[PDB]
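Residue numbers (our numbering): 395 to 685. Virtual Cβ for every residue (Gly too), placed ideally from N, Cα, C.
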Ligand SMILES: O=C1C=C(NC(=O)c2c(Cl)cccc2Cl)CC=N1
């Protein structure tokens with residue numbers, strides 16, 4: 395059973411980065427001890443507490459249940475003795491995150507490519523929705539590049555399962571929250587739904603078409619609009635008020651009109667009026683077709 399990886403054969407190669415409750419490492423699974431083994435990505439908890447291990451177990455079950463071209467592949471798990479510490483094994487995607495990839499190559503990635511990635515992100519999100527999963531953390535840093543032609547959603551650390559009887563999930567005690575990607579109802583009532591994920595998708599689209607320019611980031615832009623003097627909880631208070639009054643991220647320089655229209659439709663205060671991921675993939679594929 396190759397979903398069973400012995401921890402002693404996992405050789406540390408590189409620290410890939412940190413996300414929410416965990417860190418990710420590039421490792422070679424090398425049980426022949428001859429450096430010929432498969433290079434994999436390994437997620438583990440920085441603080442393996444009771445609460446976090448339960449959420450992590452749930453995250454693992456989520457990813458394992460997802461099989462789609464635009465979702466990072468689950469490979470297996472590591473169990474440690476006694477205290478039941480858990481490492482999640484996943485495919486290594488050598489081109490790294492879409493955020494770094496875009497920040498590196500900038501405008502050398504043309505609109506053709508950006509919209510391929512957009513389509514692919516939409517398709518992975520639509521599939522996620524059919525499982526009644528809510529990502530809550532859709533952003534270019536959580537999307538990975540497999541090659542020039544393929545991206546995959548790559549982290550599911552905040553993903554929640556909808557209750558049977560509700561179309562939203564309500565987070566009662568929020569931890570670290572990417573508030574500059576959050577829909578107004580997520581800011582005000584901690585309500586997360588397919589529709590709030592669509593809101594965040596519009597921010598990902600903005601990210602893409604700004605080519606991750608630091609001065610143009612959602613945090614830098616929203617902070618400018620509420621005023622750089624706002625701090626801590628007052629940021630959330632002013633952002634809510636900004637969004638209620640139709641304050642929005644600006645159109646990125648050079649952004650095609652029909653792409654910009656999509657962003658602004660995703661950023662609708664009215665939850666029910668936001669497009670669906672099914673329609674977004676269709677629309678985006680139409681635009682690529684025209685090009
Ligand atoms: O090659 C990889 C890389 C992965 N994760 C990340 O790189 C990652 C980090 Cl380190 C922090 C936050 C978000 C993300 Cl997606 C997952 C699987 N295979």
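1) Could you give the first and the last residue of the continuous alpha helix (DSSP H) run that contains residue 614?
2) Scan the stretch 629-677 and note each continuous alpha helix (DSSP H) run of 4 residues or more that stays entirely inside, going in chain order.
3) Pull the bridge partners of residue 544 from the DSSP assignment, please.
4) For residue 706, count neighbouring C-beta atoms within 10 Å of its own C-beta (all shown protein chains included) and say buried if the count is 16 or more, exposed if not.
5) Under a three-way DSSP split, which group does residue 407 fall into?
6) If you check the beta carbons only, do residue 446 and residue 457 fall under 8 angstroms apart?
7) Using 10 angstroms around the beta-carbon of residue 531, count the other beta-carbons present and answer buried if the total reaches 16, otherwise exposed.
8) Looking at the strands, I want to know which residues DSSP matches up with residue 586.
9) Just to confirm my understanding: we take residue 678, look at its own chain, exclude 5 residues before and 5 after, and list those with CB closer than 8 angstroms. What are they?
10) Please name the residue or residues paired with residue 554 in a DSSP beta bridge.
11) Is the closest heavy atom of ligand 1 to the C-beta of residue 418 under 7 angstroms?
12) When DSSP labels each residue in this structure, what does residue 606 get in the three-state scheme?
13) Cβ of residue 685 versus every heavy atom of ligand 1: is any distance shorter than 7 angstroms?
14) Apart from the five residues on each side of it in sequence, which residues of its chain come closer than 7 angstroms, Cβ to Cβ, to residue 578?
15) Have a look at residue 398 and residue 602 and give me their C-alpha separation to the nearest angstrom.
16) For residue 495, collect the residues of the same chain with a Cβ closer than 7 angstroms to its Cβ; drop the 5 residues on either side in sequence, then sort them by chain order.
17) Regarding residue 486 and ligand 1, is the C-beta to nearest heavy atom distance less than 7 angstroms?
18) Could you pull out every residue in the same chain whose Cβ sits closer than 7 angstroms to the Cβ of residue 405, ignoring the five residues on either side in sequence?
19) Alpha helix (DSSP H) containing residue 453: first to last residue?
Working from what's here:
1) Note, residue 614: alpha helix (DSSP H), 612-620.
2) Listed in chain order, the alpha helix (DSSP H) runs fully inside the stretch 629-677 are 651-660, counting runs of at least 4 residues.
3) 541.
4) Lying before the first or after the last residue shown, residue 706 is absent from the chain, which here runs from 395 to 685.
5) Strand.
6) Their beta carbons are not under 8 angstroms apart, which means residue 446 does not touch residue 457 by this criterion.
7) Residue 531 comes out buried.
8) Its beta-bridge partners are 563.
9) Non-local beta-carbon contacts of residue 678 in its own chain, meaning distances under 8 angstroms to residues more than five positions away in sequence, involve 509, 512, 513, 516 and 656 in chain order.
10) Partner(s): 528.
11) The answer is yes for residue 418.
12) If DSSP states are grouped into helix, strand and coil, residue 606 belongs with coil.
13) Residue 685 has its Cβ no nearer than 7 angstroms to any heavy atom of ligand 1.
14) The residues are 634, 637, 638 and 663.
15) One alpha carbon belongs to residue 398, the other to residue 602, and they sit about 37 angstroms apart.
16) So the qualifying residues of the chain are 489 and 539.
17) True, at least one ligand heavy atom lies under 7 angstroms from that Cβ.
18) Same-chain partners within the cutoff: 421, 422 and 424.
19) Where residue 453 is concerned, the enclosing alpha helix (DSSP H) stretches over 444-458.
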